[PDB]
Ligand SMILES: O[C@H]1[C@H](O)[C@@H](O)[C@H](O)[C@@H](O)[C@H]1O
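The chain below stands alone and is given as structure tokens, in the form solved without ligand INS.
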């Protein structure tokens, strides 16, 4: 009952992929700084807005990886931030939206990257890691196993990608050294080789070339099941209308999407983008999802 066209149902595209395929092998669309969609102040937007729509919109369009940046509060909760700015979005808000999506579409999995974005507030009873584990992670929705996580074990659950230190509970992908503004390679869950392109503050041409170089590598290493490729197409703000995350995404998203469309590869990696929407064609997240055709 599995056909390649089933990859076209953006809310259930992982359904046709076999249970035994490692998530690392699947080409998955993701959203950079996922919770910035509520920013209204034009000054806050030009500097930190990276998405126009909420979490469910993102998921219904195919996004399965979410970049969550939070801050520990005096209430022993974690809220979403962009630097010192509160995004009016909370961690529980994201998880609840993910729970709803997973309930409605049990064939899917949601990968949640969690990073400490700003200094803990005074008054918290514990640490960022201990508070997350005690008040959020205990929830059954979170996958508690590790290794080269397979889709079958992830269906209906949230798979954690730690970007914070001090973890004391098993589950998801372990935290690893993440050099600043670079393309680097390292290892994670004992047997998973990881390559990340996260040059968030390089010049535009350098960014475009870096995305392409890393994707070219991914396309020619399609059978490497234990290799994880994370490719951020997002680029940090210059503080003006002509160099905001939106202006950059308007050209980068269609450019990279065309690369995939023209090459028609069997793997392109975990592509984390800014502004998932239907304004620019070809649509990046759709071409990324379509690159899983050979897995069916």
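Residue numbers count along the first chain shown, from 1.
Relative to its counterpart among 61-69 and 262-270, 262-270 has the higher mean temperature factor, C-alpha atoms as listed in the PDB entry. Averaged over CA atoms, B-factors in the entry run higher in 233-241 than in the other of 233-241 and 27-35.
Residue-level inspection of the entry shows that, of 206, 198, 93, 108, 206 has the top Cα B-factor. Based on the entry's C-alpha B-factors, the most elevated value among 131, 218, 113, 191 belongs to 191. In the PDB entry, a CA B factor belonging to the middle third of its chain's modelled residues is recorded for residue 16. In the PDB entry, a CA B factor belonging to the lowest third of its chain's modelled residues is recorded for residue 257.
When all modelled residues of the chain are sorted by CA temperature factor, residue 88 is found within the lowest third.
The entry lists a Cα temperature factor for residue 214 that places it in the lowest third of the chain's modelled residues. Sorting the modelled residues of the chain by their CA temperature factor places residue 202 in the highest third.
What comes next is about the form solved in complex with ligand INS, which does not appear here.
Shown here without its partner, the chain carries 10, 57 and 287, none of which come within 4.5 Å of ligand INS in the deposited bound form through any heavy atom. Comparing 193-201, 125-133, 214-222, 95-103 against ligand INS in the deposited bound form, the single stretch with non-hydrogen atoms within 4.5 angstroms of it is 193-201. Proximity to ligand INS in the deposited bound form, taken as a non-hydrogen atom within 4.5 angstroms, holds for one residue of 229, 248, 66, 232, which is 232. Using a 4.5 angstroms limit between non-hydrogen atoms, residue 86 is distant from ligand INS in the deposited bound form. Using a 4.5 angstroms threshold between heavy atoms, residue 267 stays clear of ligand INS in the deposited bound form. The closest non-hydrogen atom of residue 163 lies within 4.5 Å of ligand INS in the deposited bound form. In the deposited bound form, ligand INS sits beyond 4.5 Å of every heavy atom of residue 150.
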